[PDB]
Structures are given as structure tokens and as C-alpha cells.
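For reference, the structure is listed below as C-alpha cells.
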Amino acid sequence: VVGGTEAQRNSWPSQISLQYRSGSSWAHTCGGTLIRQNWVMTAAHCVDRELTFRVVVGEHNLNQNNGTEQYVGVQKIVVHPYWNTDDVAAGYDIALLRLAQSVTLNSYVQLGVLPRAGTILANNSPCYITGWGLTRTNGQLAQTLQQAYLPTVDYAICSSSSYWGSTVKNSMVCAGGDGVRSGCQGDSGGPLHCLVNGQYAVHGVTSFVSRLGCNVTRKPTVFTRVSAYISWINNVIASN
Ligand SMILES: [Ca+2]
């Protein structure tokens with residue numbers, strides 16, 4: 001997250017760190033959202049790589065023991081059937097990971113609330129992006145969770161020519177684009193938390209940023225619209 005501030009520890013308890021084994025160590029590669037005690041929601045581009053992955057829940061500082069972490073392996077990865085690695089602009093950047101064990105819920109570990117199917121937010125809706133991704137374009141990962149206030153940019157504006165044009169589809173959410181704050185690499189797959197009826201719900205899964213850089217004016221961070229996938233999500237969890 002570019003232009004963020006440090007999140008307090010129990011602020012966003014459904015946020016997970018998706019990591020892969022690198023030699024003898026594990027590196028954070030993407031964010032995710034805990035949606036069931038044994039199911040995490042993330043972007044399908046984060047699991048394109050056949051690597052060994054684990055999920056870290058109740059995490060705050062990646063380089064230090066917080067005393068709250070739970071470490072779990074990934075037992076099954078279910079990527080959206082239409083996801084195409086060579087076309088992220090086509091959408092379908094969503095994946096579900098079945099965890100090897102059920103995690104324990106406590107104040108640091110909670111389930112993310114999903115929106116009702118087909119819900120579309122009004123332009124300029126108050127949302128926050130959270131993650132340990134790069135803090136500057138071509139910079140380094142954050143050590144502690146960062147958060148940035150990133151209001152939505154509706155479809156008509158986001159798909160206009162000054163913004164993203166045709167790259168953005170109606171199955172996506174745009175947020176930010178002020179040239180100061182944004183999602184960045186390493187934030188992918190993580191949540192876009194939006195306040196709806198007094199509750200924060202996860203309306204987006206971080207998908208992409210501009211090729212030109214993370215924080216670029218008129219190039220909001222683009223998210224997979226979670227409300228477009230509620231039936232798919234439920235059909236996967238019910239049969240696996
Ligand atoms: Ca830690």
C-alpha cells in the first residue's frame with residue numbers, strides 16, 4: 001500500500017498473508033480474506049505459480065512474533081474456471097483456498113463479511129485497502145499492516161477514456177486514483193473493505209494497478225467485484 005498509515009492490530013481480522021516456501025524460508029506474496037474457518041478468498045493470479053503455499057492468520061508484523069499468528073497449509077486451490085493468466089483485464093481474478101485445518105476465531109482472527117450478490121456501491125463510497133505490499137512503486141514490502149482510505153470510482157467514470165477505458169469491466173471495482181494512495185504489488189488478492197449499513201464488508205479482491213506505477217492519478221487500483229461472485233463462492237464451498 002502506497003500512501004498508507006499503519007493499521008492497529010485488531011483492526012482488520014479477516015486479512016491474511018499468503019506466503020510461499022522460498023528455499024528454507026517463506027515469503028509473503030499476496031493478501032487474502034478469511035471467509036470460513038477453513039476457506040480463504042484471494043486473487044487467481046496469486047496462485048498461478050505451482051508453489052508451496054501457506055496462510056498466516058492474525059498477523060501484524062511480518063518479521064516479528066506478534067504472539068497472535070496461526071500458520072496453516074493450503075490443501076486445495078479452486079481458481080475461477082474462466083480465469084485466464086494472459087488476460088487479467090478479462091476479469092475472473094478470484095480463487096478460493098481450502099485450508100488444511102480450521103483456524104481458531106478470536107479477536108485477531110475473524111471471518112470477513114461478504115456483500116449481497118449484485119451490490120454495486122455509489123461513486124465515492126468510503127472504503128479502505130489493507131495489505132503488506134510495496135509502499136512505493138518499485139519499493140519494498142511493508143513490515144506491518146498498512147491501510148489507505150480509498151473511495152470508490154464508479155464504473156462509468158472508471159471505464160471512461162481518461163481513466164482505464166475498456167480494460168476495466170463491470171465485474172470489477174475501481175478505488176482511489178488520486179496519485180497519492182493506492183494498492184501496490186504484494187497487496188494483490190487482499191481486501192477492499194467498504195462501510196455499508198454500519199458494517200465493513202469485503203467488496204473487492206485487489207487485482208491490478210497500472211503498468212506505469214502503483215499510485216498514478218486517474219489510474220485507480222482495480223479490484224475483482226466480490227458481489228459478482230457470490231453464487232460461485234457458495235457453490236464451491238458447498239461442494240468441497
Ligand atoms: Ca508476526
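Going through the C-alpha cells in order, the chains are called A, B, and so on, while each chain numbers its residues from 1 and the ligands are numbered from 1 in the order shown.
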
* Could you give me the residues within 7 Å of ligand 1, counting only C-alpha atoms and all ligand atoms, as JSON, numbers by chain? => {"A": [59, 60, 61, 62, 63, 64, 65, 66, 69]}

* To do: Find the spatial neighbours of residue 87 (chain A), counting only C-alpha atoms, within a cut-off of 12 Å - ignore same-chain residues fewer than 4 positions away - and output them as a PyMOL selection string.
  => chain A and resi 44-45+82-83+91-93+167-168+207-208

* To do: List the neighbours of residue 230 (chain A) out to 7 Å using only C-alpha atoms; skip same-chain residues closer than 4 positions along the sequence, and give me the result as number ranges by chain.
  => A: 117, 226, 234

* May I ask for the distance between CA of residue 123 (chain A) and CA of residue 150 (chain A), given in Å to one decimal place? => 11.4 Å

* Asked: How many Å separate CA of residue 3 (chain A) from CA of residue 161 (chain A)?
  ->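 Going from CA of residue 3 (chain A) over to CA of residue 161 (chain A), I get 25.3 Å.
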
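For the pair CA of residue 52 (chain A) and CA of residue 189 (chain A), the interatomic distance is 16.8 Å.
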
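Ranking A:202, A:105, A:195, A:46 by their shortest atom-to-atom distance to residue 77 (chain A), with only C-alpha atoms included, puts A:46 first.
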
* Kindly indicate which residue among A:221, A:70, A:140, A:38 lies nearest to residue 101 (chain A), using only C-alpha atoms for the distances. =>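 Among the listed residues, A:38 lies closest to residue 101 (chain A).
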
* **For residue 145 (chain A): contacts at 8 Å, only C-alpha atoms, fewer than 6 positions along chain excluded, given as an MDAnalysis selection string** => chainID A and resid 6:7 60:61 130:132

* Assign secondary structure with DSSP using the backbone only, and return the residues of region 3-141 of chain A in strand (DSSP E or B) as a ChimeraX atom specification. => /A:5-6,15-22,25-36,39-42,53-57,61,70-79,95-99,127-131,134,141

Tell me which protein, DNA and RNA residues are within 12 Å of residue 12 (chain A), counting only C-alpha atoms, leaving out same-chain ones fewer than 5 positions away, and put them as an mmCIF file with N, CA and C atoms, in the first residue's frame.
```cif
data_model
loop_
_atom_site.group_PDB
_atom_site.id
_atom_site.type_symbol
_atom_site.label_atom_id
_atom_site.label_comp_id
_atom_site.auth_asym_id
_atom_site.auth_seq_id
_atom_site.Cartn_x
_atom_site.Cartn_y
_atom_site.Cartn_z
ATOM 1 N N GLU A 6 -0.076 2.910 9.276
ATOM 2 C CA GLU A 6 -0.026 1.643 9.941
ATOM 3 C C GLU A 6 -1.395 1.350 10.545
ATOM 4 N N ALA A 7 -1.936 0.150 10.335
ATOM 5 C CA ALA A 7 -3.175 -0.346 10.847
ATOM 6 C C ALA A 7 -2.911 -0.743 12.312
ATOM 7 N N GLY A 31 -2.203 -10.792 -0.347
ATOM 8 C CA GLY A 31 -3.090 -10.723 0.786
ATOM 9 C C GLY A 31 -4.224 -11.774 0.500
ATOM 10 N N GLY A 32 -5.192 -11.831 1.359
ATOM 11 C CA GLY A 32 -6.343 -12.704 1.178
ATOM 12 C C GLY A 32 -7.417 -12.313 2.233
ATOM 13 N N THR A 33 -8.559 -12.837 2.177
ATOM 14 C CA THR A 33 -9.622 -12.662 3.130
ATOM 15 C C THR A 33 -10.094 -14.029 3.625
ATOM 16 N N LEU A 34 -10.177 -14.237 4.933
ATOM 17 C CA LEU A 34 -10.690 -15.422 5.620
ATOM 18 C C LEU A 34 -12.220 -15.323 5.513
ATOM 19 N N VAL A 57 -2.781 -16.283 9.562
ATOM 20 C CA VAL A 57 -3.899 -15.507 10.056
ATOM 21 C C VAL A 57 -3.471 -14.861 11.412
ATOM 22 N N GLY A 58 -4.059 -13.710 11.721
ATOM 23 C CA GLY A 58 -3.760 -12.986 12.999
ATOM 24 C C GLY A 58 -2.388 -12.390 12.947
ATOM 25 N N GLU A 59 -1.948 -12.022 11.720
ATOM 26 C CA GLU A 59 -0.621 -11.475 11.543
ATOM 27 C C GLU A 59 -0.698 -9.978 11.605
ATOM 28 N N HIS A 60 0.425 -9.365 12.001
ATOM 29 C CA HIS A 60 0.506 -7.904 12.023
ATOM 30 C C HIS A 60 1.923 -7.514 11.511
ATOM 31 N N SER A 107 -10.104 -12.412 18.698
ATOM 32 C CA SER A 107 -10.154 -11.013 18.313
ATOM 33 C C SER A 107 -9.231 -10.604 17.168
ATOM 34 N N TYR A 108 -8.204 -11.432 16.917
ATOM 35 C CA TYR A 108 -7.253 -11.168 15.867
ATOM 36 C C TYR A 108 -7.622 -11.892 14.559
ATOM 37 N N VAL A 109 -8.494 -12.904 14.705
ATOM 38 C CA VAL A 109 -8.964 -13.797 13.672
ATOM 39 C C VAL A 109 -10.468 -13.961 13.564
ATOM 40 N N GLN A 110 -11.009 -13.310 12.557
ATOM 41 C CA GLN A 110 -12.440 -13.303 12.294
ATOM 42 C C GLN A 110 -12.776 -13.499 10.826
ATOM 43 N N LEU A 111 -14.023 -13.866 10.572
ATOM 44 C CA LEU A 111 -14.450 -14.025 9.203
ATOM 45 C C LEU A 111 -14.808 -12.686 8.590
ATOM 46 N N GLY A 112 -14.484 -12.500 7.326
ATOM 47 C CA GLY A 112 -14.779 -11.317 6.550
ATOM 48 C C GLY A 112 -16.273 -11.387 6.155
ATOM 49 N N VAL A 113 -16.946 -10.264 6.153
ATOM 50 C CA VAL A 113 -18.357 -10.276 5.743
ATOM 51 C C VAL A 113 -18.419 -9.981 4.249
ATOM 52 N N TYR A 128 -11.581 1.020 2.590
ATOM 53 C CA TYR A 128 -10.163 1.031 2.944
ATOM 54 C C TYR A 128 -9.444 -0.132 2.227
ATOM 55 N N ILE A 129 -8.212 0.101 1.797
ATOM 56 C CA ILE A 129 -7.451 -1.038 1.235
ATOM 57 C C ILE A 129 -6.485 -1.408 2.334
ATOM 58 N N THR A 130 -6.194 -2.671 2.577
ATOM 59 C CA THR A 130 -5.251 -3.093 3.549
ATOM 60 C C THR A 130 -4.219 -4.079 2.946
ATOM 61 N N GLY A 131 -2.949 -4.098 3.455
ATOM 62 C CA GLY A 131 -2.016 -5.107 2.901
ATOM 63 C C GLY A 131 -0.577 -4.842 3.332
ATOM 64 N N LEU A 145 1.109 -4.257 8.898
ATOM 65 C CA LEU A 145 -0.071 -3.985 8.008
ATOM 66 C C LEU A 145 -0.331 -2.489 7.853
ATOM 67 N N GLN A 146 -0.570 -2.067 6.615
ATOM 68 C CA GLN A 146 -0.820 -0.723 6.254
ATOM 69 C C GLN A 146 -2.281 -0.599 5.801
ATOM 70 N N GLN A 147 -2.850 0.551 5.941
ATOM 71 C CA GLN A 147 -4.225 0.762 5.447
ATOM 72 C C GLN A 147 -4.301 2.091 4.700
ATOM 73 N N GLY A 190 -5.774 -9.230 -1.645
ATOM 74 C CA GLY A 190 -6.267 -8.764 -0.363
ATOM 75 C C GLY A 190 -7.567 -8.035 -0.477
ATOM 76 N N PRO A 191 -8.193 -7.679 0.661
ATOM 77 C CA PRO A 191 -9.498 -6.980 0.633
ATOM 78 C C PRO A 191 -9.574 -5.498 0.425
ATOM 79 N N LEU A 192 -10.695 -5.006 -0.061
ATOM 80 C CA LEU A 192 -11.080 -3.627 -0.208
ATOM 81 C C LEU A 192 -12.257 -3.654 0.821
ATOM 82 N N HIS A 193 -12.140 -2.983 1.956
ATOM 83 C CA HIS A 193 -13.218 -3.028 2.964
ATOM 84 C C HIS A 193 -14.070 -1.787 2.809
ATOM 85 N N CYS A 194 -15.371 -1.994 2.590
ATOM 86 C CA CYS A 194 -16.308 -0.884 2.401
ATOM 87 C C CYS A 194 -17.436 -0.842 3.473
ATOM 88 N N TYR A 200 -18.435 -2.997 7.926
ATOM 89 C CA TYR A 200 -17.421 -3.100 6.882
ATOM 90 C C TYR A 200 -17.636 -4.472 6.217
ATOM 91 N N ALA A 201 -17.748 -4.498 4.899
ATOM 92 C CA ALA A 201 -17.855 -5.756 4.181
ATOM 93 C C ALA A 201 -16.753 -5.667 3.096
ATOM 94 N N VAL A 202 -16.285 -6.813 2.640
ATOM 95 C CA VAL A 202 -15.238 -7.003 1.624
ATOM 96 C C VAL A 202 -15.916 -7.014 0.240
#
```

* Asked: Given the choices A:137, A:151, A:94, A:171, which gets closest to residue 205 (chain A) if the distance is worked out from only C-alpha atoms?
  ->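 Among A:137, A:151, A:94, A:171, it is A:94 that comes nearest to residue 205 (chain A).
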
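Residue-level DSSP output for region 103-225 of chain A, from the backbone, shows alpha helix (DSSP H) at residues 155, 156, 157 and 158 of chain A.
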